[PDB]
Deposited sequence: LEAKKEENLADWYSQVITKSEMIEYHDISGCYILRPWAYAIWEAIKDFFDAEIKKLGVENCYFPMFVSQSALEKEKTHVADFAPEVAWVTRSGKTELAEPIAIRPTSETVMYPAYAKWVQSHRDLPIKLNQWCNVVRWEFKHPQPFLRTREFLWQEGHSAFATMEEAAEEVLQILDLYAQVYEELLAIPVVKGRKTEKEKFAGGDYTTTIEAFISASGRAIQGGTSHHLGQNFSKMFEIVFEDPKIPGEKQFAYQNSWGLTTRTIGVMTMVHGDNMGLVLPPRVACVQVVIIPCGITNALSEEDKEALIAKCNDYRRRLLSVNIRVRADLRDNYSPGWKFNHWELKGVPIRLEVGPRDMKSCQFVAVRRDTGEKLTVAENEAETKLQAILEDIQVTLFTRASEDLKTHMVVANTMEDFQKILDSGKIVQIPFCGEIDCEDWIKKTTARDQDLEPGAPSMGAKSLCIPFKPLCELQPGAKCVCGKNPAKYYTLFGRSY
């Protein structure tokens, strides 16, 4: 790794994702291969999130990727602005299809026709379905791995309820899991908030979000989304049930939808990565500890490495013994640091017979000598501390880089020196357009649930910044 983050972030990012073996490029613009190292992080997030929404009663399923042409039109599910992003299939082989067929950019138009046929009474509610799947958005915006890709993997949850109280409660439960994914799995702090009228999903009532800060850019990014849809889609698609008390009266279902993507992995990369490459938070590292031998008799050195064995596996630590004879120790050192392995355990002959080893933390660079039989306890303590270290530096960097302005003067003074700032806000769109072009430019990120301090007149303190 030779590019440096603070000077050229784009090229640093591209060289970390490649030299960590996370991403391989493809010959289609905005499409990336997720190699096992990148995919294992996604799998870990999936394991966590899946387990959580299962306690909420959500069930997994799989809906078609193709949407019929007339099911896309149906109503103002999308105002035509979102239409350029939709890829259309028009032939199989050379045979032009009777009607063109669309590639899921989201699955409302595929799912809700089915909800309307499953809901024949209030006993059929709630419906709570989730799917892990790929989606295609023909993004015009300049493409980057995991940040802005043309195909990505995600989960989209879609739930329908008899009452507003239930739907409204889920929206905030899901948003909290998203925050837990980022803050507890990925050691990235986030700001919960609600979208302004400009930035909310046109198809919903309100849109909640979690926002993250990437210092080296000075830019924020939407990490996850949870919408209350009210009855916007229920009336559109006729998901209706009989009023239990009033004969002949249909009442429309209340709906939510929520989504999280592999953009998580890029954000973790942009947040924790350093000038030596990736840095993996322990709770998602598929290798938390790598064993590397340093320095015939030698077979005793490999038996000692392989005695860390289960001694680490038996304490349920993900461990890799890199015993390959074909690479130098120094090669292994740099190879696993580029991949972001939280702890390097080096065994040298000196230490086999002094019944010691050395551990090197990927965040601090600290090298530490441990008694041979203190491996289990102290290694666990280091991996827990690395996690807390990584979340603490990212917390204290968001504290530093998120401040207040009450004037356009100091908001602008502060925006352009790499800052995101909460400002009092009209709340109206054309004002938001106006702030967008003056500072060029800043978007609205979210109206925080717990803003700075207590507050056309200002309706809300709203967090502003340049954003992906």
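Q) Given the full deposited sequence, which segments carry no C-alpha coordinates? A) Unmodelled stretches: 296-302, 448-459, 475-484.
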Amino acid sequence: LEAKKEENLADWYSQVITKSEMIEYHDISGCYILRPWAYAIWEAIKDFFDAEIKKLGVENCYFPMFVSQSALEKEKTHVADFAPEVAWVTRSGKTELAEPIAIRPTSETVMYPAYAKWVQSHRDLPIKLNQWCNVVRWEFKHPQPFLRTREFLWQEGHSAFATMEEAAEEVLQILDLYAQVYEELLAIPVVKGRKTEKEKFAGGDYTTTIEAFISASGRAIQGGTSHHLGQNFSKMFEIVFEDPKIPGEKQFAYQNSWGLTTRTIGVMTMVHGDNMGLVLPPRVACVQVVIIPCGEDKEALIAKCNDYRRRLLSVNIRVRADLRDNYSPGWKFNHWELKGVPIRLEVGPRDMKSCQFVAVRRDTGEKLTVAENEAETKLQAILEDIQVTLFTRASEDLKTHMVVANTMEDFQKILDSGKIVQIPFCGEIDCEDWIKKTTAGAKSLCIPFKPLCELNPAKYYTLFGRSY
From here on, numbers count along this sequence of modelled residues.
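The term rigid core refers to the maximal set of C-alpha atoms that superpose within 1.5 Å between the two forms.
**Q.** Greater Cα displacement in 9 other deposited structures of this protein once the core is superposed, comparing 391-399 with 141-149
**A.** The stretch that sits farther from the shown form in 9 other deposited structures of this protein is 141-149.
Q. Which stretch is more displaced from the shown form in 9 other deposited structures of this protein, 107-115 or 91-99, with RMS over structures and residues of Cα positions after a rigid core fit?
A. Larger mean C-alpha displacement, comparing 107-115 and 91-99 in 9 other deposited structures of this protein, is found in 91-99.
(Q) Which is higher on mean Cα B factor in this entry, 274-282 or 111-119? (A) Going by the record's values, the stretch with the higher mean is 274-282.
Q: Please work out which of 149-157 and 80-88 has the higher mean CA B-factor as recorded in the PDB entry.
A: Looking at the record's C-alpha B-factors, the answer is 80-88.
Q: Going by the CA temperature factor in the entry, name the top one among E183, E170, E211, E75.
A: Spelled out: the listed residue with the top C-alpha B-factor is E75.
Q: Going by the CA temperature factor in the entry, name the top one among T207, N134, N256, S215.
A: If I rank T207, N134, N256, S215 by C-alpha B-factor, first place goes to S215.
Q: Could you tell me which third, lowest, middle or highest, the C-alpha B-factor of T106 occupies within its chain?
A: Lowest third, going by the recorded CA B-factors of the chain.
Q) What third of the chain, by the recorded C-alpha B-factor, contains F391? A) Ranked within chain, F391 CA B lands in the middle tercile.
**Q.** CA B-factor ranking of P143, expressed as a third of its chain
**A.** Ranked within chain, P143 CA B lands in the highest tercile.
Q: Rank-wise, by C-alpha B-factor, drop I174 into the lowest, middle or highest third of its chain.
A: Answer is lowest: the recorded C-alpha B-factor places it there.
Q: Tell me, lowest, middle or highest third: where does the Cα B factor of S226 rank within its chain?
A: Bottom third by C-alpha B-factor.
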